[PDB]
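Heads up: the structure comes next, in structure tokens.
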Amino acid sequence: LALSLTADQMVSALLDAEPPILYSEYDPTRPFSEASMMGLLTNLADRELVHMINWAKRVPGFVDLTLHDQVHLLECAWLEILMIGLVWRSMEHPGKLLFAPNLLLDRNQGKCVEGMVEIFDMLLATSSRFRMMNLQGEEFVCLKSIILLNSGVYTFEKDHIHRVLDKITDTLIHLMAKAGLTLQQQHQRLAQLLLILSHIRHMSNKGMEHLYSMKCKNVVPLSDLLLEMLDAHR
Amino acid sequence: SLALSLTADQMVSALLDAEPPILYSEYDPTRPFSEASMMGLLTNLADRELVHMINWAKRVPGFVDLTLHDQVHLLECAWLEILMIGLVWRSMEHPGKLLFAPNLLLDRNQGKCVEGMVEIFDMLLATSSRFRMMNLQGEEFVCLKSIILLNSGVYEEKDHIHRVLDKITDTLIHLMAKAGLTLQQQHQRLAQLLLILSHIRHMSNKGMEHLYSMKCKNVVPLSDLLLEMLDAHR
Amino acid sequence: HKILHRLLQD
Amino acid sequence: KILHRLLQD
Ligand SMILES: Cc1cc(O)ccc1C1=C(c2ccc(O)cc2C)[C@H]2[C@@H](S(=O)(=O)Oc3ccccc3)C[C@@H]1[S@@]2=O
Ligand SMILES: Cc1cc(O)ccc1C1=C(c2ccc(O)cc2C)[C@H]2[C@@H](S(=O)(=O)Oc3ccccc3)C[C@@H]1[S@@]2=O
């Protein structure tokens, strides 16, 4: 059914499927310890995860997949998806990451957690890049869907996934042409957007090794769901 | 700069011309491998490929226009991605096997000889299988490899790098139009090629964690250059 | 058994 | 850095 949608219908479907922005826990006395920051972030990430899973079901084509393939794709892409969402909502806050409306952090606060500032810097650089490209909401939702379908497709049905992926590419180009971009500008912008996905994969892998580290350090107990999504990368 | 004034066909020729050679392994076929002996051969081979890659990079248009510090950064970031894409490219015509060298063609069962290597083997093979199904062309391959070099670490100077990147995108599209592909097919294929770069980043990150592991295990001593390129990812 | 499984089939 | 030297030529 995803294959018969127009570009504008694809955009509407994706826009409509967007998960909500969640709030962090409250009056958690600034300043943060390593343990308290990790606590908040873990609690937040866990809740975002539940919403992401339901968002995925609303991504055209995704439900046409077998359960096993849906699981595979989500286990592969979950952190990439949380990350791109984070940088998207951080766009209008240069220098800071908007984990939640009531939790906006700069890199100095990322120092409170051992090894986190490196990933912070990369997330901020990504936000800065989106900002400079003037990334649009319609483009963002396309990218996030691409991540869901693409990241795990090579560790496998595949043909259908690639068809859907092709459709989203069509959708992206459609959008750029509407913005008045020339043919050359369209392929250049398409290229630029898709190359950032490589950096996002990178941030995810570095973030992953790291969640594993803190688990080991058992500073804060990770949620059952996070641990599951985490162990899948092993 | 000079890379920016090249035609698409001139870009292709420059890249084709800059290609490093295929190197031979040491290796005596009259003896199965141990973990230690396989790692020994692979390490010796990778080390020598590295020297050639570094010189290839200097022949990539735009690269030498960069400051030394930036050249170092890009290479430290992309080195394994580049070795990997080269490996899968030369493995294309050998389904089920990886052509590490003309005298060293291995299947996944042999990848089992090294602890943790078979996972990365499987991903490399899947990449090779994907290139094969897309009928990836040599001209497209060299464009992709250059994109990796310039893109992976791209975190003014940046603007120039992005211009060069834009040029290679132009070159890729130029090639596809020559192959008779329609506008829609061109965008779709461009997208498909660039998305595989995300998987290549992924393979690199997983491979990296691992080279670090074996170093620690000190099964085989890594070369001075490999260790340097490795430590850069820390 | 997976929590992901449950969340996925709701 | 060996990479440094190899780069410089
Ligand atoms: C990306 C993200 C989304 C979100 O909703 C909440 C938190 C995060 C991030 C991190 C995180 C922290 C604790 C968790 O239990 C889960 C996550 C995802 C950390 C990072 S990470 O998880 O990808 O990598 C690390 C996480 C913790 C410590 C070190 C690295 C991204 C942001 S913050 O920088
Ligand atoms: C990709 C590659 C290119 C090459 O010219 C030589 C070897 C490799 C590969 C590996 C490798 C082995 C020993 C080394 O010193 C360096 C490398 C790169 C292993 C992997 S890896 O390095 O990316 O990941 C691992 C490395 C060592 C052990 C296990 C995994 C890719 C192929 S083989 O599967």
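Chain A is the first sequence line, chain B the second, and so forth, proteins listed ahead of strands; every chain is numbered from 1.
- Taking SG from A/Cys142 and CG from A/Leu172, the interatomic distance works out to 4.5 Å, rounded to the nearest 0.5 Å.
- The minimum heavy-atom distance between B/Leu16 and B/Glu139, with the atom names listed, is CD1-CG, 4.3 Å.
- Checking side-chain atoms of B/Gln71 against main-chain N and O of B/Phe63 turns up a donor-acceptor pair under 3.5 Å.
- No donor-acceptor pair closer than 3.5 Å links the side chain of B/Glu81 to the backbone N or O of B/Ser152.
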> After noting the C-alpha distance and the side-chain angles of B/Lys145 and B/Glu140, does the key distance pass the salt bridge (charged side-chain N to carboxylate O under 4.0 Å, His left out) rule?
Replying inline: CA-CA 9 Å; B/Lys145 184 163 65 168; B/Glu140 292 174 320; over 6 Å; no
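- Looking at A/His187 and B/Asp170, their side chains do bring a donor and an acceptor atom within 3.5 Å of each other.
- Between A/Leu194 atom CG and A/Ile146 atom CD1 the span is 5.5 Å, to the nearest 0.5 Å.
- Between A/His202 and B/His233, the ring planes are perpendicular. Angles over 60° get that label, and only those under 30° would be called parallel.
- Using a distance-only test at 3.5 Å, with no hydrogens or angles considered, a donor-acceptor pair links the side chain of A/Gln109 to the main chain of A/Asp106.
- With hydrogens and angles left out, the side-chain atoms of B/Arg48 and B/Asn44 include a donor and acceptor closer than 3.5 Å.
- Under the 4.5 Å side-chain criterion, counting only non-hydrogen atoms from C-beta, A/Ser90 is not in contact with A/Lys96.
- The shortest side-chain heavy-atom distance between A/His199 and A/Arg129 does not fall under the 4.5 Å cut-off.
- When all heavy atoms of B/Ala57 and B/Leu75 are compared, the closest pair comes out as CB-CD2, 4.0 Å.
- A donor-acceptor contact shorter than 3.5 Å is absent between the side chain of B/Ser204 and the backbone of B/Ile200.
- A donor-acceptor contact shorter than 3.5 Å links the side chain of B/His73 to the backbone of B/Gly153.
- Taking the side chain as every heavy atom from C-beta outward, B/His52 and B/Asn55 never approach each other to under 4.5 Å.
- Just one residue in the list B/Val72, B/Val164, B/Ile161 forms a side-chain contact (heavy atoms from CB on, under 4.5 Å) with B/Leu66, and that residue is B/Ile161.
- Contact of the A/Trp78 side chain with the A/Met208 side chain is registered, since non-hydrogen atoms from C-beta on lie closer than 4.5 Å.
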> Which is it for B/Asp70 and B/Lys158 under the salt bridge (charged side-chain N to carboxylate O under 4.0 Å, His left out) test, yes or no, and what are the steps along the way?
Replying inline: CA-CA 10 Å; B/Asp70 287 342; B/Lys158 279 181 28 166; over 6 Å; no
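- Here the CG atom belonging to A/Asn150 is positioned 9.0 Å from the CD1 atom belonging to A/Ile147, to the nearest 0.5 angstrom.
- For the 3.5 Å distance criterion, the side chains of B/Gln184 and A/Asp166 fail to qualify, holding no donor opposite an acceptor.
- Nearest heavy atom pair, residue B/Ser25 against residue B/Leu41, reads OG-CD2, 3.9 Å.
- Here the closest heavy-atom approach between residue B/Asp65 and residue B/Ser1 is recorded as OD2-OG, 2.8 Å.
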>> Set out, in order, the CA-CA distance, both residues' side-chain angles and the distance that settles side-chain contact (heavy atoms from CB on, under 4.5 Å) for B/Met117 and B/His210, then state yes or no.
In response: CA-CA 8 Å; B/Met117 192 163 80; B/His210 265 152; over 6 Å; no
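- A donor-acceptor pair under 3.5 Å is formed between the side chain of A/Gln186 and the backbone N or O of A/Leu181.
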> Could you walk me through whether B/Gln188 and A/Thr169 pass the side-chain hydrogen bond (donor to acceptor under 3.5 Å, both in side chains) check?
Replying inline: CA-CA 6 Å; B/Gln188 291 182 353; A/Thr169 298; over 6 Å; no
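- No side-chain heavy atom of A/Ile84 sits under 4.5 Å from any side-chain heavy atom of A/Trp88.
- Closest approach of B/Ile22 to B/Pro102, counting heavy atoms only: CG2-CD, 3.6 Å.
- Annotation: side chain of A/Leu183 is not in contact with side chain of B/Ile173 (no heavy-atom distance under 4.5 Å).
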> Where do A/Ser145 and A/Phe140 land on the side-chain contact (heavy atoms from CB on, under 4.5 Å) test, with the steps shown first?
Replying inline: CA-CA 9 Å; A/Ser145 287; A/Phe140 160 72; over 6 Å; no
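- At least one donor-acceptor pair closer than 3.5 Å links the side chain of B/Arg189 to the backbone N or O of B/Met134.
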> What do the steps show when you test A/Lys217 against A/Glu114 for salt bridge (charged side-chain N to carboxylate O under 4.0 Å, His left out), and what is the final call?
Replying inline: CA-CA 11 Å; A/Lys217 303 192 178 189; A/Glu114 193 173 78; 2.3 Å; yes
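- The main-chain N or O of A/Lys167 is found under 3.5 Å from a side-chain atom of A/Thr171 such that the two form a donor-acceptor pair.
- At a threshold of 4.5 Å between non-hydrogen side-chain atoms, the residues B/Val154 and B/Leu150 do not count as touching.
- Annotation: B/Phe33 is not in aromatic contact with B/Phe100 [ring centroid separation under 6.0 Å not met].
- B/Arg201 contributes no side-chain N or O that, together with a main-chain N or O of A/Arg201, makes up a donor-acceptor pair within less than 3.5 Å.
- The CD atom of B/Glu228 sits 4.0 Å away from atom CD1 of D/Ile2, with the distance rounded to the nearest 0.5 Å.
- Of the inter-residue distances, the one linking A/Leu105 atom CG with A/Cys112 atom SG reads 9.0 Å to the nearest 0.5 angstrom.
- Two residues are said to be in side-chain contact when any heavy atoms from C-beta on lie closer than 4.5 Å; A/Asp121 and B/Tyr155 fail this criterion.
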>> Would B/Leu99 and B/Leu104 count as a side-chain contact (heavy atoms from CB on, under 4.5 Å) here? Give the steps.
In response: CA-CA 6 Å; B/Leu99 188 94; B/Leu104 189 62; over 6 Å; no
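- How far CG of A/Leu41 is from CG of A/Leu222: 11.0 Å, rounded to the nearest 0.5 Å.
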>> I'd like to know whether A/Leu97 forms a side-chain contact (heavy atoms from CB on, under 4.5 Å) with A/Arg107, so could you lay out the CA-CA distance, the side-chain angles of the two residues, the decisive distance to 0.1 Å, and finally the verdict.
In response: CA-CA 8 Å; A/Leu97 295 175; A/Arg107 78 177 298 271; over 6 Å; no
> Can you list the steps and then say if B/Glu49 with B/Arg90 is a salt bridge (charged side-chain N to carboxylate O under 4.0 Å, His left out)?
Replying inline: CA-CA 13 Å; B/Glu49 283 209 277; B/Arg90 60 179 183 258; 3.0 Å; yes
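- The main-chain N or O of B/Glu26 is found under 3.5 Å from a side-chain atom of B/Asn103 such that the two form a donor-acceptor pair.
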